[PDB]
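Here is the naming used below: chain letters follow the sequence lines, and residue numbers restart at 1 for every chain.
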Amino acid sequence: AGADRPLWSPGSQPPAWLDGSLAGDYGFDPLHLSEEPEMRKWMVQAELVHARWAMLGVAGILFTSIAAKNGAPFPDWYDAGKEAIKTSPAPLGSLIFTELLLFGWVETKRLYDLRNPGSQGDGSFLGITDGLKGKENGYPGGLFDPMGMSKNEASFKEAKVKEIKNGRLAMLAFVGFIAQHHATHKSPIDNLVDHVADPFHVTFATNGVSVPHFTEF
Amino acid sequence: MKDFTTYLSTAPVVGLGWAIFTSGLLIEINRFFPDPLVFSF
Amino acid sequence: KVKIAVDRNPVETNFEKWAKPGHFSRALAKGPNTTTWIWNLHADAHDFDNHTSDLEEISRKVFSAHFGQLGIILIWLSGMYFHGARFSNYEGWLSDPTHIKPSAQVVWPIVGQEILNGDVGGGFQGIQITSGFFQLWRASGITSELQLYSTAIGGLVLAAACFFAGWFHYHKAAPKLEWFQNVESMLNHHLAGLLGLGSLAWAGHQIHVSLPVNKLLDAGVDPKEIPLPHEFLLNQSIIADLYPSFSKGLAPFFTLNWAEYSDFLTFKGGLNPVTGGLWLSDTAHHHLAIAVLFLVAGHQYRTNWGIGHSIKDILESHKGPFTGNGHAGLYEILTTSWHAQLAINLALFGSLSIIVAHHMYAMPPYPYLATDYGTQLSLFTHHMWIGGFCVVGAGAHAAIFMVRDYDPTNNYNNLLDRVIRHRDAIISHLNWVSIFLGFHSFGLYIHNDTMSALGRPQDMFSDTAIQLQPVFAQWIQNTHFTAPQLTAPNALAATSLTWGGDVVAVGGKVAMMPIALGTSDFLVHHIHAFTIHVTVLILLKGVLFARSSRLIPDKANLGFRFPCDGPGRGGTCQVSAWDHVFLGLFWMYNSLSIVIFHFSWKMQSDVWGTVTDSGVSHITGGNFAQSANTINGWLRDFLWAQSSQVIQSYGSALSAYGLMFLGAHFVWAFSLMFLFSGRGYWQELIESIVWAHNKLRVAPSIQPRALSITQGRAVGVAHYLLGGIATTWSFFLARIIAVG
Amino acid sequence: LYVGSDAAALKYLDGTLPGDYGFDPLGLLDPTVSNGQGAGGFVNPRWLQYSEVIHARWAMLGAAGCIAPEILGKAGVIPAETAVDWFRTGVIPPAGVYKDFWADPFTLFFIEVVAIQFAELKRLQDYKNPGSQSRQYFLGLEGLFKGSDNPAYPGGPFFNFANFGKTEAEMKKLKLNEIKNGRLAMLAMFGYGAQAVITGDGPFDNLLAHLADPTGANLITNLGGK
Amino acid sequence: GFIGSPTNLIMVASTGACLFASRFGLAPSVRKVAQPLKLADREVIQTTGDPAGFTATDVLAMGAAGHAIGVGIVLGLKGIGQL
Ligand code: CLA
Ligand code: CLA
Ligand code: CLA
Ligand SMILES: CC1=C(/C=C/C(C)=C\C=C/C(C)=C/C=C/C=C(C)/C=C/C=C(C)/C=C/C2=C(C)CCCC2(C)C)C(C)(C)CCC1
Ligand SMILES: CC1=C(C/C=C(\C)CCC[C@H](C)CCC[C@H](C)CCCC(C)C)C(=O)c2ccccc2C1=O
């Protein structure tokens with residue numbers, strides 16, 4: 001959990017502020033961010049929420065695309081909003097602002113729990129004292145952890161490491177989704193079947209994008 | 001970080017930030033409200 | 001002896017010194033207490049001679065600053081190429097350069113400024129550019145926007161490389177003082193590699209890429225159907241069809257039969273009738289000969305292999321009987337003083353910029369450049385002003401060297417000591433020459449104006465009454481018109497059309513034609529010589545009297561940049577060399593303004609215009625032979641007859657020129673309050689404002705102070721120069737775009 | 001023998017380097033050049049020797065890969081369609097691209113750049129920190145990346161699994177022969193590029209042309225001279 | 001260029017004359033200094049078997065000078081209609 005740990009590059013000197021206590025701490029920091037403890041806490045919370053939303057979005061995109069390839073009438077992950085509010089009972093404007101109103105409470109409670117740890121769990125929200133208290137910096141627990149397998153410290157550390165690794169993987173998965181949908185204009189599952197159908201030919205070099213073709217010779 | 005932040009906390013940098021903020025606000029207001037002259041709600 | 005001397009990591013890349021603004025000097029290291037500190041922060045930023053007394057650190061800072069300026073220049077060039085790639089009609093301009101105006105700047109429709117996107121032609125809207133970048137890209141063989149995009153990306157990459165190079169060569173691997181002092185190696189590498197190798201590379205590009213593309217463009221074929229430059233590079237059949245000597249395949253070069261290369265390395269001096277520009281084969285042979293000459297010259301100085309010349313030995317050997325120690329201590333001066341080298345570089349760079357402007361209006365070295373009158377006028381004026389600024393900065397930094405880096409121990413009886421020893425005679429003779437020139441030129445103008453207002457046209461110094469014709473200039477023009485006839489028989493025609501010949505026109509507009517010289521031309525040339533003489537007198541008096549004078553014997557101890565020495569001895573205001581440069585800046589501005597006015601009027605009256613079947617109808621009808629002889633003629637037939645386009649530009653795409661004209665008039669007028677007045681008045685006014693803010697308890701912790709007298713003079717001269725420059729820029733561009 | 005050893009260059013170099021013929025006219029092995037602490041500049045003797053031996057090995061591999069296809073295709077060892085010139089394989093599509101390949105050339109480029117980026121980045125990290133690649137777990141082959149004091153000669157269970165040169169004399173002879181063959185192949189690849197630009201054919205074709213007609217096919221006749 | 005051509009003959013003669021001049025006094029070289037006459041200097045570069053002051057930069061400099069003199073003579077004679 002530190003010192004002689006695997007790093008982003010073997011032989012590179014780890015940063016002083018990256019001692020390895022945080023989950024997924026590979027000492028990766030070319031720009032020397034998160035040097036201050038408050039900046040480190042803000043970056044950890046931002047990485048955790050970006051990770052959770054990225055994993056949720058990538059899982060939803062993969063499920064919808066897999067169902068669409070199986071035969072279910074599901075649209076592509078790109079431009080799904082068009083048919084979505086074409087068929088939604090809730091039109092645009094009302095839906096996004098309703099989402100913002102529903103999200104504002106959770107986001108400001110997260111922000112003021114990050115600024116003041118344990119301040120939310122004081123009975124202010126519907127008389128909840130033991131719950132709504134952040135166990136860690138970016139790891140609230142409580143009612144967000146109904147089943148208690150995070151009670152064990154080693155199990156909690158392993159779960160944190162697994163969560164941050166799958167989160168970074170889902171971040172790169174979403175970036176890949178954007179890139180090869182802009183390149184191929186097809187579903188990610190369609191790209192996967194095209195790659196596993198003719199791996200020797202179908203790749204990132206034969207889409208007509210990414211690598212430019214000028215002389216064609 | 002904190003040395004770079006104090007460099008960004010210097011007067012020309014925050015003046016530049018105010019300049020871009022005010023200029024962008026006025027430009028977007030003029031773009032989405034094309035050429036107004038009299039306050040008429 | 002000559003070797004690389006580099007220290008490893010002398011300065012650590014930390015942001016701890018970015019937080020502290022004043023860190024380079026101990027005076028500003030204590031922190032700010034008044035507002036005059038802040039200006040002192042932005043004034044001594046590049047004064048590296050005052051921050052440290054060590055020459056090695058100063059040289060490292062100079063190297064890093066030069067790398068930064070090259071990075072900035074490459075960023076600007078890459079941005080220019082990117083704007084030509086995307087927001088331009090270069091492809092449309094290539095189809096018909098004589099009907100579509102060059103445009104490369106497009107505005108955003110926000111508050112009605114979209115009217116500035118004029119109808120330049122080719123289905124495009126934008127600002128008519130006068131930089132001549134379109135003609136430069138046509139001379140470089142650039143056809144599609146993809147090549148401009150690639151050039152922009154390469155420029156950005158090289159700018160980042162140079163910026164990292166500056167960071168590396170300052171912070172990581174800083175060269176030592178012995179590395180910078182190898183002037184022989186620097187001169188050899190610059191003559192052979194910086195100038196000669198670049199000349200050979202550009203010559204090879206002109207031979208292998210620019211010449212076939214330009215030949216096919218002059219043939220009239222579609223630019224889209226023009227083969228790519230790599231097709232000319234690899235496959236030899238197209239280059240053999242366009243030039244049979246390429247079928248030999250480097251045989252005449254290595255068999256010394258270079259005459260076989262005469263088809264694509266020509267000597268047809270003059271203008272290309274197809275496009276009104278210089279022949280690209282002539283430019284190719286020119287750059288090849290320049291490269292050969294510079295590679296020859298780059299093996300002159302001895303560095304590490306015994307053979308060569310020693311600069312110190314050459315300087316010490318050239319001593320005459322009338323000069324004492326001839327060029328004795330100059331080698332030690334120029335190897336230790338950065339400011340002497342700065343003065344030399346600025347003087348030669350400015351003079352070469354003036355040469356570039358003159359020889360570029362004379363010979364347009366670009367296809368469809370002379371037809372674009374606005375491009376030629378803007379380029380001439382721009383190079384003129386940059387040359388003037390460089391040659392006045394030469395005097396400024398020479399005075400700085402005189403104050404700071406001059407050592408009397410190394411200068412006992414050398415040439416600098418004798419120049420200081422007869423500086424009073426120099427200044428007196430220059431003053432007499434300047435006064436005589438100003439009399440016999442400006443008094444001649446006043447004489448013409450008076451005898452015109454007195455109804456005596458026969459008493460005037462005009463082309464009809466008193467013929468003071470420029471017989472020397474006319475004789476030189478006649479001799480250079482006969483230069484291909486007898487003295488340079490290998491040239492097909494004259495080296496330029498200014499000496500004489502016929503009229504070359506492109507698209508119905510005259511590209512070049514012979515220029516007649518009369519009494520008005522002699523008058524304005526002598527006026528220019530007078531103004532240059534006065535500016536030289538001012539700057540030389542600043543340089544030579546920078547250390548001491550009869551009025552002030554200890555001016556060297558007061559520094560280069562001090563406001564005054566009090567009102568003593570009658571008053572010593574503006575006695576410093578800095579104030580002398582500040583005074584000479586206005587004279588340089590006046591001189592170059594008169595020069596560009598003469599250029600614009602002369603080329604509008606006797607060069608530019610349209611070509612019909614009856615003849616060449618000029619823009620102003622050739623009034624320069626009858627109106628340029630009086631000040632009222634410049635007032636009416638040049639300033640009032642023109643500038644009507646600027647004031648009537650409202651409601652059109654040229655209205656930004658009128659707005660810029662008004663703003664330039666505003667800045668020029670606003671400069672006068674700093675040029676006049678002083679400091680105590682504004683200091684007491686600031687004291688009253690301090691009382692006002694103290695009543696409301698909003699007095700700042702940093703005490704507001706009036707600008708320094710030197711600072712006030714600098715602000716005044718800067719705003720004055722900016723106002724005048726932008727006034728002439730707006731008037732020239734609007735007049736030459738509307739009627740040109 | 002010292003092959004053209006410039007004087008006043010032996011003042012800073014003794015015989016420790018494998019070749020070390022004393023040829024340094026401009027002067028780059030001087031310890032006075034780039035003296036100090038930290039990273040410094042690129043002109044230092046350690047990086048100079050490292051880049052020299054790496055250029056030597058790469059040029060030797062390139063010369064082998066330029067000779068072997070043409071030579072084996074002149075005979076029946078390599079079939080004629082795969083016996084293309086070294087610059088017509090696809091390294092320069094203007095020169096020629098072999099379309100009949102198992103993958104697209106850009107796909108092969110991406111696989112190559114990933115593999116060689118892993119290799120050269122591990123090499124660089126071991127150059128900056130000696131023995132560092134043997135500590136962090138890579139695949140279980142960390143003991144194969146032990147390295148040595150000299151970054152140019154890491155050795156170990158994989159790089160030198162024949163453990164040649166048990167004595168110091170055999171090490172010196174092997175290093176000298178390696179640097180000699182590498183310099184020879186550097187000059188070779190120089191000539192190969194020059195002939196490919198001028199003649200537009202394989203180096204063995206140029207060799208056969210010089211063998212058949214010495215004066216009728218040489219450098220003088222290549223550029224049109226007699 | 002061509003073997004046996006007059007230009008080849010006189011430029012080979014010029015290069016050989018420059019080399020012979022550098023070998024024995026005459027033309028200034030690495031070991032020859034001073035403006036009016038030629039004086040002995042340091043060996044600077046080891047000659048690698050060549051007697052006296054004749055190093056690699058000497059033959060490079062004087063071969064360049066010989067080629068330059070030869071091409072100048074060739075083009076001057078071609079300009080006047082001679083060989
Ligand atoms: C033939 C070799 C050569 C070349 C081409 C140059 C070129 C240059 N030198 Mg340099 N110089 C050389 C040898 C050379 N130098 C030697 C041997 C010394 C030591 C005696 C110096 C000492 C020296 C000083 C002290 C200064 C220069 C400066 C400059 C720049 C002048 C500005 C200009 O014209 O912009 C031309 C710009 C371009 C053509 C744009 C491209 C520039 C590229 C990136 C440069 C490539 C050439 C480079 C020298 C190759 C070696 C570097 C390599 C390790 C990457 C220019 C880039 C000035 C400077 O700092 O500028 C930054 C300066 O003040 N030179
Ligand atoms: C800097 C300027 C420049 C450049 C780049 C070129 C370049 C070229 N010209 Mg031009 N030329 C020039 C100036 C120039 N010339 C001048 C001043 C004249 C005088 C009038 C001419 C006259 C001329 C004629 C008349 C002809 C050319 C031709 C050529 C081509 C033949 C090249 C050749 O054989 O040269 C010698 C080149 C070499 C010996 C190659 C250099 C050595 C290589 C780079 C070594 C590479 C080794 C490397 C380590 C291995 C590869 C690495 C890889 C494995 C990664 C080439 C494209 C000919 C052409 O287009 O037909 C093809 C042609 O007909 N030119
Ligand atoms: C148009 C306005 C004007 C005029 C006439 C002058 C005149 C002069 N200035 Mg200048 N100067 C001016 C504006 C002007 N200045 C401005 C605005 C600045 C600020 C930047 C300066 C800055 C400046 C500096 C820094 C220097 C001068 C110098 C000079 C002298 C040069 C003498 C010469 O060549 O001409 C000769 C004079 C004339 C042609 C005057 C024209 C009037 C007529 C033609 C003369 C005869 C009039 C009449 C017939 C006689 C009447 C007799 C009786 C009824 C009174 C001269 C006294 C220099 C100097 O001291 O001498 C070299 C010098 O160093 N001035
Ligand atoms: C006796 C002897 C010998 C021999 C030797 C020899 C024979 C040598 C030679 C050598 C040589 C024979 C050399 C040469 C060189 C050359 C050069 C180096 C030249 C040139 C170069 C260049 C680069 C060029 C350029 C140019 C051009 C292109 C244009 C302009 C002009 C000129 C010309 C400048 C032996 C060893 C056997 C033995 C011992 C002794
Ligand atoms: C006016 C004047 C002053 C007073 C001028 C001062 C104190 C300088 C004032 C500079 C101001 C503060 C610059 C910034 C102006 C604006 C507040 C910034 C732009 C605001 C918009 C963006 C809104 C001198 O001190 C002086 C000294 C010597 C000779 C002549 C003069 C002189 O003429």
Side-chain angles (χ1 to χ4, degrees), chain B residues 15-41, chain C residues 76 79-93 99-134 145 372-375 377-378 381-382 639-640 642-671 719 722-740:
Chain B
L16 190 57
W18 153 85
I20 295 100
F21 164 69
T22 315
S23 316
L25 176 63
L26 283 181
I27 279 160
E28 289 260 69
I29 281 167
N30 291 310
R31 162 154 86 90
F32 289 110
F33 304 101
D35 307 356
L37 177 74
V38 50
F39 174 75
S40 300
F41 151 75
Chain C
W76 153 76
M80 285 345 302
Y81 271 98
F82 197 91
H83 274 75
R86 191 166 166 92
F87 326 105
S88 149
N89 52 353
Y90 178 74
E91 289 183 347
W93 178 80
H99 292 128
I100 290 103
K101 301 307 170 205
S103 156
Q105 199 190 317
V106 194
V107 313
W108 281 326
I110 175 51
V111 296
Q113 71 178 20
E114 61 250 46
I115 209 66
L116 299 186
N117 286 341
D119 300 342
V120 284
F124 199 75
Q125 278 184 329
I127 309 164
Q128 186 174 325
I129 57 146
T130 65
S131 323
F133 257 121
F134 275 28
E145 302 165 345
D372 210 359
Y373 304 145
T375 278
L377 184 90
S378 72
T381 43
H382 181 86
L639 280 196
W640 196 92
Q642 309 167 7
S643 85
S644 43
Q645 339 284 331
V646 175
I647 59 187
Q648 292 151 233
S649 47
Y650 270 30
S652 83
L654 275 84
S655 69
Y657 291 120
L659 286 177
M660 249 321 308
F661 182 87
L662 260 192
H665 262 183
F666 179 84
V667 174
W668 181 92
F670 179 77
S671 54
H719 284 87
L722 169 69
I725 289 304
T727 322
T728 324
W729 166 88
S730 40
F731 154 68
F732 270 176
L733 286 208
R735 160 75 179 180
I736 207 52
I737 280 163
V739 84

Atom CD1 in C/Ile647, atom CZ in C/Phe731: separation rounded to 0.5 Å?
10.5 Å
Approximate separation, where rounding is to 0.5 Å, of C/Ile736 CD1 and C/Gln128 CD
10.0 Å
Using a 4.5 Å cut-off on heavy atoms from C-beta on, say whether the side chain of C/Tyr657 contacts that of C/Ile737.
yes
Supply the atom-to-atom distance C/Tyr90 OH to C/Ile129 CD1, rounded to the nearest 0.5 angstrom.
11.0 Å
May I ask you to decide if the ring planes of C/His665 and C/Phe661 are parallel, tilted or perpendicular, using 30° and 60° as cut-offs?
tilted
Short question: side chain of C/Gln113, backbone of C/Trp108 - any donor-acceptor pair under 3.5 Å?
yes
For C/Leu654 and C/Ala734, work out which heavy atoms get closest and say how close.
CD2-O, 3.4 Å
So, do C/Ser88 and C/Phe134 sit near enough that their side-chain heavy atoms are less than 4.5 Å apart?
yes
Can you name the nearest heavy-atom pair linking C/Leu116 to C/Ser655, along with the distance?
CD2-OG, 3.7 Å
Note: C/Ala726 and C/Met660 closest approach over all heavy atoms is CB-CE, 3.7 Å
Check whether any side-chain N or O of C/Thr728 sits under 3.5 Å from a backbone N or O of C/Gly724 as a donor-acceptor pair, and report yes or no.
yes
Does the side chain of C/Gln125 reach to within under 4.5 Å of the side chain of C/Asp119, using non-hydrogen atoms?
yes
Quick one: does C/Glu91's side chain have a donor or acceptor within less than 3.5 Å of a partner on C/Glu145's backbone?
yes
Can you tell if the side chain of C/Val120 reaches within under 4.5 Å of the side chain of C/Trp93, non-hydrogen atoms only?
no
Looking at every heavy atom in both C/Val646 and C/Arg735, which two are closest together, and how far apart are they?
CG2-N, 4.4 Å
Output for pair (B/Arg31 CZ, B/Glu28 CD), nearest 0.5 Å, gives 4.5 Å
C/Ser644 OG to C/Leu639 CG distance, which is reported to the nearest 0.5 Å
11.5 Å
Taking all heavy atoms of B/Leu26 and all of B/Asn30, pick out the closest pair and write down the distance.
O-ND2, 2.7 Å
Hey, is the main chain of C/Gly112 close enough, under 3.5 Å, to the side chain of C/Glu114 for a donor-acceptor pair?
yes
Measure the shortest side-chain to side-chain distance between C/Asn117 and C/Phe124 over non-hydrogen atoms and say whether it is less than 4.5 angstrom.
no
Backbone N/O of C/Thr130 and side chain of C/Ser378: donor-acceptor pair under 3.5 Å
yes
State which residues pass side chain to side chain donor-acceptor pair (under 3.5 Å) with B/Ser40; sequence neighbours excluded, sorted by chain then number.
none
So CZ of C/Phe732 and OG of C/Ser643: to nearest 0.5 Å the spacing works out to 11.5 Å
Identify the heavy atoms of C/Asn89 and C/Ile100 that sit nearest to each other, and give their distance.
ND2-CG2, 3.5 Å
